[PDB]
Each structure stands twice: as C-alpha cells, then as structure tokens.
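Chemist: This is the structure I want to talk about, given as structure tokens.
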Amino acid sequence: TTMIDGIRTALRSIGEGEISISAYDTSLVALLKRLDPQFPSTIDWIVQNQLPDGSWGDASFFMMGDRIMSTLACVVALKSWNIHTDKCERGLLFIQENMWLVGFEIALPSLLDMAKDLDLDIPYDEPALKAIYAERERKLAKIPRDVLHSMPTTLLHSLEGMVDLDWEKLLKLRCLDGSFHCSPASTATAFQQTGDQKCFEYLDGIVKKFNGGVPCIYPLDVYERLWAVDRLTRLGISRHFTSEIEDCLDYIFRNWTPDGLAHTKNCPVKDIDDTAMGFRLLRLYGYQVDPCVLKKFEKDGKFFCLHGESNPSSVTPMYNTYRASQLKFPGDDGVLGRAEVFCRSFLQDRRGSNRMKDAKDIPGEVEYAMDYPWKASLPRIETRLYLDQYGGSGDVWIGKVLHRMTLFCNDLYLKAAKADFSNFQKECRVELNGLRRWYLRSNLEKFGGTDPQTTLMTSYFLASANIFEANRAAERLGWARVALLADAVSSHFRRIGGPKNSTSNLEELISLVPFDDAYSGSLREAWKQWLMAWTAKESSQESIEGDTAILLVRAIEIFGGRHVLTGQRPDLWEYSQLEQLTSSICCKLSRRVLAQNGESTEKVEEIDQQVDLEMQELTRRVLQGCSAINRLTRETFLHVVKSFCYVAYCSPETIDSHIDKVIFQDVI
Amino acid sequence: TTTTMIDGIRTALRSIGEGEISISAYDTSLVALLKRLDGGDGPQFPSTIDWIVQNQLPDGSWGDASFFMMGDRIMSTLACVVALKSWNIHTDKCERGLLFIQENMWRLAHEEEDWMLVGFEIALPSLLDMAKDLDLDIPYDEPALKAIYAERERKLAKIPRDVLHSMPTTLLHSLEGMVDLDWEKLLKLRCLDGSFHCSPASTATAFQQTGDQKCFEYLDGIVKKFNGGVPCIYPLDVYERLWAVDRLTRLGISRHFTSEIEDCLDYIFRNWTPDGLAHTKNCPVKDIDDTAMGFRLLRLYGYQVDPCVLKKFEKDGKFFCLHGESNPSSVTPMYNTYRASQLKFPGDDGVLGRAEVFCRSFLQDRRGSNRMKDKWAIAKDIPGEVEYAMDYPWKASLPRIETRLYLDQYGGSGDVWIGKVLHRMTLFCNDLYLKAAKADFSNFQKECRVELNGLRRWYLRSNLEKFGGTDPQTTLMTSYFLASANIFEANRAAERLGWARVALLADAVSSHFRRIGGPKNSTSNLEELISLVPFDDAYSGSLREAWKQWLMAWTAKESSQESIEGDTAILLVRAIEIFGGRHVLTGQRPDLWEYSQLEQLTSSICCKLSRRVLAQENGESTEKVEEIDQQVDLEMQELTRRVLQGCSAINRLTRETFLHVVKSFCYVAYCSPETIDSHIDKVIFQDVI
C-alpha cells in the first residue's frame, strides 16, 4: 500500500520530465562565457560525476559511444577553462586507451575539431575514426542546406557540428520554448552564434531547474505522460491512479494537433511514435480521436516516423502504431487500415530475426501484440507477461547521450505491480478452491466436461482474467458459476437431443447459485430466458453461444447491481444494440470453431475477416466514453466477448499454459 | 349512422347469453306432445302449439322459410302434424301440408349427399312410427326412404348397450326414436343443465319415459325464455361467444368492442377444460371446432393456452372432431383448427405442429374438388375463407387485407346452420355486422386516399425521388400501404404516415447509399436528413437519435455481409414508437431484456428474410431456400410468442408494433409483386359500398 501512494505522489507531481543529467550537454553549456563561466554550476556538476575509471556518462550501462563522447566533452570544458587538470587528464587516459547513437557522426567531428583547438593527446589516428568522419560528409551532403533553413527538422538537434548557417532564417524554426529541437547543446552553440534572449531563457531555466547539470533533451511533458500511462496500464495497476491518469491524459487531449504529437507540447515537428501512443491511449480511455492524423506519415504506401524526413523507421514506433491500429473503429479513415497491414508486415519480416533491436524484453512485448490481437487480449494475460518484460531500471534510451527515465522506467513500478499481482493470484487460488467445492457438492460434475476440473478451471479463469479487481469478487464468481451451469446444461442437451426430450425441471438449477436478497430473483429471470432461448433456437441451425454470452453479461450486471435506466430512449437503444452485437459476434465465432468439416482455409479466413469487422463496431460502442451507458456496463460486454473470442482463437494447450502462468506460476 | 351500428353491435354484445338461435319446428312440436304434469289433458306447455299455429309456411311446410331444404321441410312439417293431429286440433291446416308431405316426399331422394341433417337417419324413421299410429295418409312406401331406413339400422349398429349407457356419446342428441334403453344408467350421462346432449327433443323423449323434474326444468327453461317454441340445440354459450369474436375480429371492428370481447373471452378462459370445449359450458363431450376456435382466439388475445388439448382428438395420425367417436371429418372444423395451428409458439406440445400438417393436407385434397360443402354450415363464401388461410399464413397475413377479403366473404344473414333442423344464429350472423364493418372500412379507405395525397405531396416537396426506387411512384405507394394495412386505426394517423415517411426516407438514403458504395465515398452529411419528416419539437430529440443510430449501423454493416434490412426494421419500429410517444416507463431487468430481444429477433428475421430474396433470383435450389424459409419461420414463432403473450410488462402497443413491422417485411418477401398491388388496389381503391 505504501508503494501505491509512492507512485501516486510521483504522478501527481508530473511535469516537464524526470530525466538523467547528460554529461555532454552539461559541459557544452559550461563553455558559455560570462555575459560581462556563465553557469559555474554546470561545472560544479561536472567535477563530481566522474566515474572511477576516469570516465563519464551513464554508469549503469557501459556503451562505447556514450562513455567516450560524454567523457571528452567534459574534458574540453575542464581544460579549456584550465581548472581541475587532475581529473582532466585522468579521464584523458580513458579516452586514449578505449578509443576502439543519435547525431553521433555530426557532433563528434565538431568535438574533435574542438579538441584540436586545445592540446590533448588523443588517438585521432584511429581506423574507426575515418569511417564515421566519412559519414560526417555522407550526411552533411544529403542534407539540403536551403531546406534545413525552411522547415523545422530533426537536424536542428545537432547544430554543434553544423557549420556556417543563416541564423536569420533559422531562429524562425525553433521550438516554442526557444530551443533548437530541444537540445541544450544545439541551443548553446546557437547562442554562441546569436544572443537571442528567448534562446538564452531556455538554457538558464534548464540549469536552474536542475541546480547545475542539464540533460540531452528537454522538455518532454508529452512523451513522459503517454509512456507512464501505457506502462502503468500494462502493469495492471492503472485502476489505482484513475484520477491522476485521467488528469494528464486530458493534457494529451489538450495538446492534440492535426499534424500529430511530438515528444513535447512545444515542438512543432511531430513523430509517429508519440502520435500512435497518444492515439491509442486517448481512444482507449474514451476520448474522441481521429486516426487521420496518421496520414501525415504515409508517403506512397509507406509509413515513416517523421513528416518528411523519410528516415529508416525503427522497431519500437511500429509496435506502437500496430497497437494503435488495433483499436480500429469502422468509421475511421482508412489510414489506420493501411497502417495495420504495413506495421504487421514490418514486425513479421523481423520476428524470425534477432533484428528486433532498437529495453529488457522487446521481442516478448511484440510476440504478444501480434499473437493476441485486441479481440483476444485479456488484461491479466498481458499483465502477467508484462511483469516478466518490464525492464525497470534496465531500460535505457538512445539519445545524444545514454539517458534514463526516472518516472516511468522505475524499480518501484515493478515492486508495486508484482505485489498487486501476487495478491491477485492468492485471492484467485482461494477463489477457485471455494469454487471447486461449489461445483462438486452440486452433483454438477456429473454434467459437463469429461474432466470437469478442466471445464471449471477455464470457466473460472476467463472470468478472473477479465474482472480481476479486488472487490469485484461478487461478479467474478457469479460469472464463473453461471458459466458452469450453462456449460453443464448445454452438455446435457447435446447428448440427449434437446429440450424436446428434457425430462427434467432444469429451470430451477440456479438455486445452485447462493441466495442473495437482491441477486437471486433477477438471476432466475435471466436464466429462465437462456432456457427459453434453447427451445426456440432448438430445432434450427442458429447456435446458442450468442445467448450463452448474452446471459452472462446479464448476470454480471445483476451482480454488481447496476441497472440500465429504461425510460431514456437512447439508454435503451445503446443497451439493446450492444446485446445484438454480442449475440451476433459470439454466434459467428461458434461457426468458425465448427469449420475448424475442418477444411477450407479460405472459408475460415472469411469468417475471421467478418468477426473482426463486427468486433470493431462493438469496440467502438464500448469505449465511446460519451455513450449513454455506464462505463462499467460497457466493460461487461467487452469482457464477455473478449473471453469468448479468446477461447475460440486458442488451443486448449495454449489456454492453460496461460492458466498456469497467470494463476499458479507465482510472481514474487 | 355508423355510431349507432357500433352501438347496435355493442349493446347486443353486452347482453350475450345462452344463445340467440332460431326456433325449430321439429324440436318444438315434439315438446307439445308432453302431457300435463298435474294429470291434466291439456299439453304441458300450450305455448309450443301456440307457436306451431302461427308459423306455417305458405306451401304448408314448416322450417326455414328463407332456405328450402327437402330433409328440413319434411321432418319439421310432419312433426307439426303429428303434434296437431295428436291433440286433434286445427285439423284443417293439419291437412294443408299433410299433402305437402304427400307430394314432396319422393324428393327426399335428391338431397345433397354432403349436408344431410343431424340424426336424420334415426329421427325420421322414428317419425313414421308416430304417423302410422295416428294413421295418416303418407307414402310410408316411398322408395326414396328405403335408403335411409336400412342405413339407420347399420348406423344404429355402433350402438352397444355397453358404450351408449356408460359414457356420453352424441347419440344422446337424437334418441327421440330409440327402443329398449335403460334410463337408470342413462340419466348418469346427461349435460349439466339436464338436457340429453343439449337436444330439447331428446330430453322430451327422455321425459315421456322418466318423470325427472330436474330435467324438465331444462325444457321449461327453454319454453319460458323463447315464449313458446324451442331451438334444435341449446344452450350455445361458448360457441356463440367464440363465433361472435372471430367474426367481429375478421370484420376488423373488434377494436370498438375491446371491452366487450375481453369480457366474454374471459368467459371462455374460465371454462377452458383439459378435455376441450363444447358448444356449451355444460357438455362433457368436446369438439375440435369449438376447441380449436377457443384456443386460437384466446391465444390471439394474449391469453395463456396450451395446445396439448388437441391430442384429445388425435387418433393415430388423424384428427377427428370428437374424442371417442372417429367420424368423417368435415371442412369447417379442419379450417378452424388449421387457422389455430398458425399461432404455434416454439415451446408448444408437438400436436399443434402435426395438426397443421394434417389439415393443410386435408384441405388440399378438398380444395381441388367439388367437395367444399360443409356438414355444419352453409355460408356465402366458404372456399374464400379457406383460400386465404391456405395461401396467406400468419407471418404474411396483414389485418386490413384479410378484413378487405372477408367483407366479400361474410354471408351475414344468409348463413344457415345444420342441426336436427336448419337453424340460424341471429346474434353474430346478421346483416348489421356486415353493414357496420363496411362502414368502418369505407371511412378507412377515405382517410387512406387523403393520407396518400399527403405522402405524394410530401415525397415531392422533399425532392426525395431524385434517388427513390426505379419508379419511386410505387415504392411510395407500397410503403404507405404496408403501414396502412397494419396500423389502420382512426387515431393512429400520426404513426402510420410517420412509418411511411421514415420508410421512404430510409429506403431513399439506402438507394443512394448503394449507388455510390458507402459513406466512404459520401460527400454529404445526411445526419440532419430526418428534419424532412414533420415533427413536434417535444419529440425531435429522440427521432434524430434513432436515425443517427441507423446511419451508424450503415457505416458498420457496409463492406460486410450482413444486411441493413434488420436495422431499417429496427429504425421503423423505433420511429413508430416515437410517433406514439410511449416508452417503457421504468421496468425491472426482464422488461429491458424482453425489449432487447424484440429488437434482436426483428433484426435477425429481416436479415434472414433479405437473405432468401437475394438467393431467390441467384443460386436457386428449392432445398437451399427451404433452409432459409425454415429458419425464418422458426424465429417468427418465438417472436409471435413474445408479441402475443399478454402477461408481458411491455405495453401491448409496443409489442404489436414489432409484429406490424416484421409482418410487413414478410409480406413483401413472400408475395408476387403482381399480387401485392392487387391487394393495394383491393384494400385502398376498390371501395366497398
């Protein structure tokens, strides 16, 4: 409990960003001379963050580009100000011996050229040096200088290595805070070249905000929120921070642009990674968002990361787009349709290859996203897996320096999640152990599977994988119980021929569900209808699965005790229409599992193609958080259907390997 | 006036009772033969003879003046003689018409094989014996009789001492002539009013031979309430009610008497037995004609009834009219069960299913035939009644069509009934019923044309013909006609036109929507299109939402396989309910579910319906279509259940609205366009009177 409050106070205090200080950008800001050093606290930061091998940068992850480039950039500060020559050469040793990332081949050449303007014994004569110094010109050539001055671009992030540019038409391109694409390095060098006080103002605040020392990117108010939400959400503890999450999710909605989302509010250049993350979470949490904001990253069928700079697209952004395409609504622009296909192909061509590199388990995160589309993504399934995939402090981010995200790439995030999940597994085992008794002492295993522990186990598991909450135990057990009766009864009819020869008064049977003073009567009425559905759908070809599901949501709605006001006309329609979809969607599923007869891949792929279709209009009506039906009622429909889909799209082998991994393979 | 005629039928319906039936000369003169109880020499009921004298027909016959039947005139005519002569009074008129028997007796040989009177072959030979005794000049040696005489004896072979005297049979109706019977075991058999199978005649013979004063009360009861004179069967409290309802219902004017009908329909529910129904409350032998009528009308009017009472009349594969006795089945009783078999619910005992199958076949063997005469009724247009129910099953039976047709089929005062004598039922087979129904129907047609011109104007004024059907002129006509054939009432104009308008708009938009391929290529908004349908401001809020919801359904069901015909049906019923401004006030959980299910079934039925009408002209296969026809028919039963079960908490009017919309979709899919406008012509344009 203390931990939840820990994450809460961290989220309530959300802001510009929790980022690690970058050694390179801090010393490059140290290089700015008094307006009459200008930030002696940049230097005061520098002296202390020296690693024992005499080097700099990220300590916990050793990277060549990072330890070298961060180390020397601190050196070019200490010696060019002729102070602390003790550590200055002590780290000059590190550079010499280990001489054998973003903007690396642009900021490093201007940093050696800057190393020449001082004296510093460093192997410039490196065979590795010529290969990346050649790419200096291999890129400064494909960049059109007259285009770098016309529209804000990703290049403006590396102006320390840029030579002889028109600042008259460049200051027109900065971010809203005055920064040059949010690099303090690019703004320091832009200030050495022009004294724009709004371009200074970005810099001083960044050092004031950190009491010395400055990161490699700022601010990142959007990226951080979006990703902190997705992370808490996947970890299953999102329910604890509902006001805080909906607090900053609002912020993302406020700053939605028709051109997409950037990593910060005040960056005019947008990227697909942030837009897809934003689009998914905004739609997932019930906001009105239009996916057409994506066609800004489509150029002739292909999907890049920036609007124009057709760079090679990385792996993580395509994952995040693929996920956003999974919340496809039928009324949406086709761009989301095209996006799904492209991103699936991108990640499939790469799945069978270790070319999944960009974080702890990025292939596992991706296998899931591809093997379990939305219709079959049960939140506890994803969450159990995600505990074994979330990197914690292990995740590192590739910027100008190696940097880390304090707020959402946290170790407290895991300790909290694995706690809340263990208590779920504990509450789950006691839950079913109580269920097993209930099943047996009812002469109820005589009906059902030829191994009723298996028909019980999956029937309880589905309900708990979806309605997993602490207190919602009333509903969960109700779902499991009613499910078992329905399975039992369907089994009895299947090997007897129908209610035609129902010798018994099997209406009763609900009295196997314990009497609640508010629950029992209405549950009798719903169960009566499921029976009445059998005798009518009996001597025909329509399946009953549609009505089995419809009964379920009816009970789950009786437990948990919310009713649908029926005087209001649109309240009636939205409910009555949700039932139609669930009745229709589960009936089509039961037709696919019959064609798996077992022949015609062409025919099965037709049924799948249209179930996905009807699922979209359901997913729309369930998430559309303005609809006149209670969000919990809407979730109840989504829960039942997803579980039905889950079952219909999964081998019994895969299904209980999940059961073992979520309920029994204890975390912590 | 129209109001008076409705009041005429009404005040008569309030005064319903034991029967309004016509007097029988035969049953009456047989009661004059009963000598005074107080040991006096005047006949016990002198008012029977008072009646005799007054109604001798001009040819000296007796019986039905308006309908001449030989069998009818002989038995009623001589029975009056064997009365008048047996008291040796009025021998002057006794003779005039004694010759009628003399001259026309030979003609007994011509009668229509099919409709011979009841107990004719038992009660007429019994009447030679009473004439022989009074010694009358009669052709007892008529060769025409030998055929009925000796086929009495073989008729009178199914008499056993053991069965006639242990459990009641219909022979008890005609024991006027019967020898060597043991009344001690026979009185244990009669009906509750004391009659012998409700025959005043048979009860008189049972009185000459048994002084049973608790059975006399029955005869005195008839003679007081009919002021002398006596019907050929009494009482008819169940039959008369059942038939008055079916007639007023098919004549389309049931609604004016909703209270009156629901009164005596209650009278039937109270007296429903697991053995079936008879024509009276107090007759232990039940018959399929009354039992079938009661079941249908009861289930039609929202009563809980179980068809399993029908297997009381199933005798291994066949459907007779009585429980014990297996007899040649007549036409009207099979028609009336067949009509009842149309209301099968999916929960029913199977016998109602099988009966449908039998009488369909029974009536088919007979449709292509001279045989269509009934043994029970002689009605103006009896095959037309059978035509419709045979061609138009429940799902496609629109109430205004049936009623239009029935107006030219109801015989009115012309219908005559076959008992021991020809008798008539004045109450529900009269001319005021027809005069009234045609009135209520003409005022329906007049208002129909007036509305039509409003539709024609409205369709124009909205420019919606730009993309109607091919000829929007008939897509208008039919879409009004479907709505008017169903919601036809006086007041309901609000809903009807709204139905027609919303149907036209919806179809119009769907037409254009197909033209271009979906909203993907739609430059237009269309959301505000309903403002083309007139509407009060204290209503526009919900009609917009229903339409917006329908469009959302379009965008979903596009580039998919499911049709929208379901959702257009939902849209209509949703719209009609808005125009009638009733919503489901606030119900418990099963109220919501029950509504949600009607929407489900309606949408599901109409998709399945529009799945055959494209697989019609496409990949034929009679068996592939019977798969769809089966699948639609099933859903209809569960829906027909959910509409008609009058215990439900959803308003009657909401449920009926679902049936109207679905029935109209059915009518269209199952009707040749050639026939469909013949109906349109006949109900809206081919005016009655």
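How things are named: the first chain in the structure tokens is A, the next is B, and so on; residues count from 1 in each chain; ligands count from 1 in the order shown.
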Based on only C-alpha atoms, which of the residues in chain B come within 6 Å of chain A? I want them as a ChimeraX atom specification.

Modeler: /B:346,556,584-586,596,600

Chemist: Mind checking which residues fall within 9 Å of residue 662 in chain A, counting only C-alpha atoms, ignoring those fewer than 5 positions away in the same chain, and posting them as a list in words?

Modeler: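 Residues near the query, excluding close chain neighbours: residues 380, 381, 383, 384, 385, 421, 425, 465, 657 and 667 of chain A.
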
Chemist: Excluding residue 486 in chain B and any residue of its chain fewer than 3 positions from it, enumerate the residues within 10 Å of it, using only C-alpha atoms, and give them as a PDB file with N, CA, C and O atoms, in the first residue's frame.

Modeler:
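Listed below is the output, selection-v2.pdb:
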ATOM      1  N   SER B 397     -49.977 -12.294 -43.066  1.00  0.00           N
ATOM      2  CA  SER B 397     -51.416 -12.093 -43.025  1.00  0.00           C
ATOM      3  C   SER B 397     -51.608 -10.683 -42.519  1.00  0.00           C
ATOM      4  O   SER B 397     -51.379 -10.404 -41.347  1.00  0.00           O
ATOM      5  N   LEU B 398     -51.833  -9.772 -43.431  1.00  0.00           N
ATOM      6  CA  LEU B 398     -51.970  -8.417 -42.902  1.00  0.00           C
ATOM      7  C   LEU B 398     -53.429  -8.150 -42.520  1.00  0.00           C
ATOM      8  O   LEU B 398     -54.343  -8.523 -43.263  1.00  0.00           O
ATOM      9  N   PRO B 399     -53.695  -7.529 -41.374  1.00  0.00           N
ATOM     10  CA  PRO B 399     -55.083  -7.449 -40.889  1.00  0.00           C
ATOM     11  C   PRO B 399     -56.042  -6.747 -41.815  1.00  0.00           C
ATOM     12  O   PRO B 399     -57.211  -7.141 -41.851  1.00  0.00           O
ATOM     13  N   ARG B 400     -55.607  -5.699 -42.534  1.00  0.00           N
ATOM     14  CA  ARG B 400     -56.527  -4.995 -43.436  1.00  0.00           C
ATOM     15  C   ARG B 400     -56.788  -5.787 -44.703  1.00  0.00           C
ATOM     16  O   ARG B 400     -57.846  -5.650 -45.315  1.00  0.00           O
ATOM     17  N   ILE B 401     -55.830  -6.572 -45.147  1.00  0.00           N
ATOM     18  CA  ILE B 401     -56.083  -7.411 -46.299  1.00  0.00           C
ATOM     19  C   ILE B 401     -57.131  -8.445 -45.951  1.00  0.00           C
ATOM     20  O   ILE B 401     -58.173  -8.552 -46.605  1.00  0.00           O
ATOM     21  N   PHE B 481     -48.760   1.607 -48.130  1.00  0.00           N
ATOM     22  CA  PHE B 481     -49.735   0.533 -47.988  1.00  0.00           C
ATOM     23  C   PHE B 481     -49.354  -0.423 -46.879  1.00  0.00           C
ATOM     24  O   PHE B 481     -50.217  -0.859 -46.115  1.00  0.00           O
ATOM     25  N   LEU B 482     -48.084  -0.787 -46.781  1.00  0.00           N
ATOM     26  CA  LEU B 482     -47.713  -1.689 -45.705  1.00  0.00           C
ATOM     27  C   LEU B 482     -48.087  -1.082 -44.360  1.00  0.00           C
ATOM     28  O   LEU B 482     -48.770  -1.704 -43.548  1.00  0.00           O
ATOM     29  N   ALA B 483     -47.733   0.172 -44.152  1.00  0.00           N
ATOM     30  CA  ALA B 483     -48.062   0.820 -42.898  1.00  0.00           C
ATOM     31  C   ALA B 483     -49.559   0.920 -42.703  1.00  0.00           C
ATOM     32  O   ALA B 483     -50.038   0.798 -41.580  1.00  0.00           O
ATOM     33  N   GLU B 489     -55.887   2.250 -37.734  1.00  0.00           N
ATOM     34  CA  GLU B 489     -56.940   2.818 -36.929  1.00  0.00           C
ATOM     35  C   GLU B 489     -57.301   4.260 -37.297  1.00  0.00           C
ATOM     36  O   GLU B 489     -56.648   4.958 -38.085  1.00  0.00           O
ATOM     37  N   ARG B 496     -48.831   6.001 -38.546  1.00  0.00           N
ATOM     38  CA  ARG B 496     -48.906   5.434 -39.885  1.00  0.00           C
ATOM     39  C   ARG B 496     -48.068   6.214 -40.876  1.00  0.00           C
ATOM     40  O   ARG B 496     -47.118   5.680 -41.453  1.00  0.00           O
ATOM     41  N   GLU B 656     -47.217  -4.968 -30.438  1.00  0.00           N
ATOM     42  CA  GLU B 656     -47.919  -5.083 -31.713  1.00  0.00           C
ATOM     43  C   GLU B 656     -47.133  -4.384 -32.818  1.00  0.00           C
ATOM     44  O   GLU B 656     -47.083  -4.853 -33.965  1.00  0.00           O
ATOM     45  N   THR B 657     -46.505  -3.258 -32.477  1.00  0.00           N
ATOM     46  CA  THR B 657     -45.695  -2.519 -33.429  1.00  0.00           C
ATOM     47  C   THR B 657     -44.561  -3.364 -33.973  1.00  0.00           C
ATOM     48  O   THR B 657     -44.294  -3.343 -35.167  1.00  0.00           O
ATOM     49  N   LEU B 659     -44.622  -6.616 -34.342  1.00  0.00           N
ATOM     50  CA  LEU B 659     -45.263  -7.564 -35.246  1.00  0.00           C
ATOM     51  C   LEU B 659     -45.621  -6.913 -36.576  1.00  0.00           C
ATOM     52  O   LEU B 659     -45.393  -7.493 -37.644  1.00  0.00           O
ATOM     53  N   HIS B 660     -46.190  -5.708 -36.524  1.00  0.00           N
ATOM     54  CA  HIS B 660     -46.546  -4.981 -37.731  1.00  0.00           C
ATOM     55  C   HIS B 660     -45.344  -4.822 -38.638  1.00  0.00           C
ATOM     56  O   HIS B 660     -45.396  -5.144 -39.826  1.00  0.00           O
ATOM     57  N   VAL B 661     -44.260  -4.280 -38.104  1.00  0.00           N
ATOM     58  CA  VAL B 661     -43.084  -4.071 -38.922  1.00  0.00           C
ATOM     59  C   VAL B 661     -42.585  -5.406 -39.462  1.00  0.00           C
ATOM     60  O   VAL B 661     -42.393  -5.564 -40.669  1.00  0.00           O
ATOM     61  N   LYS B 663     -44.159  -8.323 -39.784  1.00  0.00           N
ATOM     62  CA  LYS B 663     -45.121  -8.910 -40.722  1.00  0.00           C
ATOM     63  C   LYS B 663     -45.055  -8.235 -42.091  1.00  0.00           C
ATOM     64  O   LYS B 663     -45.064  -8.913 -43.127  1.00  0.00           O
ATOM     65  N   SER B 664     -44.940  -6.906 -42.121  1.00  0.00           N
ATOM     66  CA  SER B 664     -44.868  -6.217 -43.406  1.00  0.00           C
ATOM     67  C   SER B 664     -43.618  -6.618 -44.202  1.00  0.00           C
ATOM     68  O   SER B 664     -43.685  -6.782 -45.429  1.00  0.00           O
TER      69      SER B 664
END

Chemist: Rounded to one decimal place, report the CA of residue 1 in chain B-CA of residue 253 in chain B distance in Å.

Modeler: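 Computing it gives 15.4 Å between the two atoms.
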
Chemist: List as a ChimeraX atom specification the protein and nucleic acid residues near residue 24 in chain A, meaning an atom at most 6 Å away when only C-alpha atoms are counted, but skip any in the same chain fewer than 2 places from it.

Modeler: /A:22,26-27,70,73

Chemist: Near range 32-44 of chain B, within 12 Å and counting only C-alpha atoms, which residues show up once chain neighbours fewer than 4 positions away are dropped, as number ranges by chain?

Modeler: B: 25-28, 48-53, 79-89, 130, 176, 200-201, 203-213, 216, 219-220, 223, 228-230

Chemist: Extract, using only C-alpha atoms, all DNA, RNA and protein residues at most 9 Å from range 682-687 of chain B, discarding same-chain residues fewer than 4 positions from it, and format them as a PyMOL selection string.

Modeler: chain B and resi 400-401+403-405+441-442+444-446+448-449+481+485+677-678

Chemist: I need the residues from that last selection saved to file as a JSON list (two decimals), in the first residue's frame (with N, CA, C and O atoms), if you can.

Modeler:
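The result, stored in result.json:
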[["chain", "number", "residue", "atom", "x", "y", "z"],
["B", 400, "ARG", "N", -55.61, -5.70, -42.53],
["B", 400, "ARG", "CA", -56.53, -4.99, -43.44],
["B", 400, "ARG", "C", -56.79, -5.79, -44.70],
["B", 400, "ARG", "O", -57.85, -5.65, -45.31],
["B", 401, "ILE", "N", -55.83, -6.57, -45.15],
["B", 401, "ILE", "CA", -56.08, -7.41, -46.30],
["B", 401, "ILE", "C", -57.13, -8.45, -45.95],
["B", 401, "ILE", "O", -58.17, -8.55, -46.60],
["B", 403, "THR", "N", -59.25, -8.48, -43.73],
["B", 403, "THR", "CA", -60.55, -7.89, -43.50],
["B", 403, "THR", "C", -61.19, -7.48, -44.83],
["B", 403, "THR", "O", -62.38, -7.73, -45.07],
["B", 404, "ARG", "N", -60.39, -6.89, -45.73],
["B", 404, "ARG", "CA", -60.94, -6.49, -47.03],
["B", 404, "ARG", "C", -61.60, -7.67, -47.69],
["B", 404, "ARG", "O", -62.79, -7.63, -48.02],
["B", 405, "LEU", "N", -60.86, -8.78, -47.75],
["B", 405, "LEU", "CA", -61.36, -10.01, -48.35],
["B", 405, "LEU", "C", -62.59, -10.54, -47.62],
["B", 405, "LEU", "O", -63.57, -10.95, -48.26],
["B", 441, "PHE", "N", -64.86, 0.25, -42.67],
["B", 441, "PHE", "CA", -63.85, 0.08, -43.70],
["B", 441, "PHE", "C", -63.85, 1.20, -44.75],
["B", 441, "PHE", "O", -62.80, 1.54, -45.30],
["B", 442, "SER", "N", -65.02, 1.74, -45.11],
["B", 442, "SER", "CA", -65.01, 2.82, -46.09],
["B", 442, "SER", "C", -64.34, 4.07, -45.50],
["B", 442, "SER", "O", -63.45, 4.66, -46.12],
["B", 444, "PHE", "N", -62.15, 4.02, -43.49],
["B", 444, "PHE", "CA", -60.72, 3.72, -43.54],
["B", 444, "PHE", "C", -60.16, 4.06, -44.91],
["B", 444, "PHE", "O", -59.09, 4.65, -45.02],
["B", 445, "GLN", "N", -60.86, 3.64, -45.96],
["B", 445, "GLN", "CA", -60.36, 3.93, -47.30],
["B", 445, "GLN", "C", -60.37, 5.42, -47.59],
["B", 445, "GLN", "O", -59.39, 5.94, -48.12],
["B", 446, "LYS", "N", -61.42, 6.13, -47.19],
["B", 446, "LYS", "CA", -61.44, 7.55, -47.48],
["B", 446, "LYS", "C", -60.22, 8.22, -46.87],
["B", 446, "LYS", "O", -59.46, 8.90, -47.57],
["B", 448, "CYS", "N", -57.52, 6.85, -46.19],
["B", 448, "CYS", "CA", -56.29, 6.38, -46.81],
["B", 448, "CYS", "C", -55.91, 7.23, -48.00],
["B", 448, "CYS", "O", -54.76, 7.64, -48.14],
["B", 449, "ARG", "N", -56.87, 7.53, -48.86],
["B", 449, "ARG", "CA", -56.53, 8.31, -50.04],
["B", 449, "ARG", "C", -56.09, 9.71, -49.65],
["B", 449, "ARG", "O", -55.12, 10.23, -50.20],
["B", 481, "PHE", "N", -48.76, 1.61, -48.13],
["B", 481, "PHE", "CA", -49.73, 0.53, -47.99],
["B", 481, "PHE", "C", -49.35, -0.42, -46.88],
["B", 481, "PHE", "O", -50.22, -0.86, -46.11],
["B", 485, "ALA", "N", -51.96, -1.00, -44.03],
["B", 485, "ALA", "CA", -52.54, -2.32, -43.85],
["B", 485, "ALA", "C", -52.40, -2.81, -42.42],
["B", 485, "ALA", "O", -53.20, -3.65, -41.99],
["B", 677, "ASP", "N", -49.89, -5.55, -55.61],
["B", 677, "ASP", "CA", -50.71, -4.39, -55.89],
["B", 677, "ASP", "C", -52.16, -4.76, -56.14],
["B", 677, "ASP", "O", -53.03, -3.89, -56.06],
["B", 678, "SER", "N", -52.46, -6.04, -56.41],
["B", 678, "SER", "CA", -53.87, -6.40, -56.41],
["B", 678, "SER", "C", -54.48, -6.15, -55.04],
["B", 678, "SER", "O", -55.62, -5.67, -54.93]]

Chemist: Find the residues near range 487-496 of chain A: any atom within 7 Å, counting only C-alpha atoms, skip ones fewer than 5 places away on the same chain, and give them as a list in words.

Modeler: residues 447, 448 and 501 of chain A

Chemist: Using backbone DSSP assignments, extract all strand (DSSP E) residues from range 259-388 of chain B; output them as a ChimeraX atom specification.

Modeler: /B:314-315,318-319,377-378

Chemist: Could you give me the residues within range 367-613 of chain B that DSSP places in helix (DSSP H, G or I), as a VMD selection string?

Modeler: chain B and resid 367 382 to 391 394 to 396 399 to 407 412 to 414 431 to 461 464 to 467 472 to 486 493 to 516 519 to 521 527 to 532 540 to 557 565 to 580 589 to 613

Chemist: What gap, in Å, lies between CA of residue 458 in chain A and CA of residue 623 in chain A?

Modeler: 26.5 Å

Chemist: Separation of CA of residue 36 in chain A and CA of residue 161 in chain A, in Å?

Modeler: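 If I compute the distance from CA of residue 36 in chain A to CA of residue 161 in chain A, I get 26.5 Å.
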
Chemist: Would you please work out which residue, of A:428, A:628, A:120, A:143, is nearest to residue 106 in chain A when using only C-alpha atoms?

Modeler: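 Among A:428, A:628, A:120, A:143, it is A:143 that comes nearest to residue 106 in chain A.
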
Chemist: Let me make sure I understand: among A:30, A:621, A:94, A:547, which one has the smallest atom-to-atom distance to residue 56 in chain A if we use only C-alpha atoms?

Modeler: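 Counting only C-alpha atoms, the residue closest to residue 56 in chain A is A:94.
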
Chemist: Restricting the calculation to only C-alpha atoms: of A:205, A:571, A:608, A:544, which residue gets closest to residue 542 in chain B?

Modeler: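 Looking only at the distances to residue 542 in chain B, the closest residue turns out to be A:571.
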
Chemist: Between A:520, A:10, A:622, A:387, which is the closest to residue 241 in chain A once you count only C-alpha atoms?

Modeler: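 Between A:520, A:10, A:622, A:387, the residue approaching residue 241 in chain A most closely is A:10.
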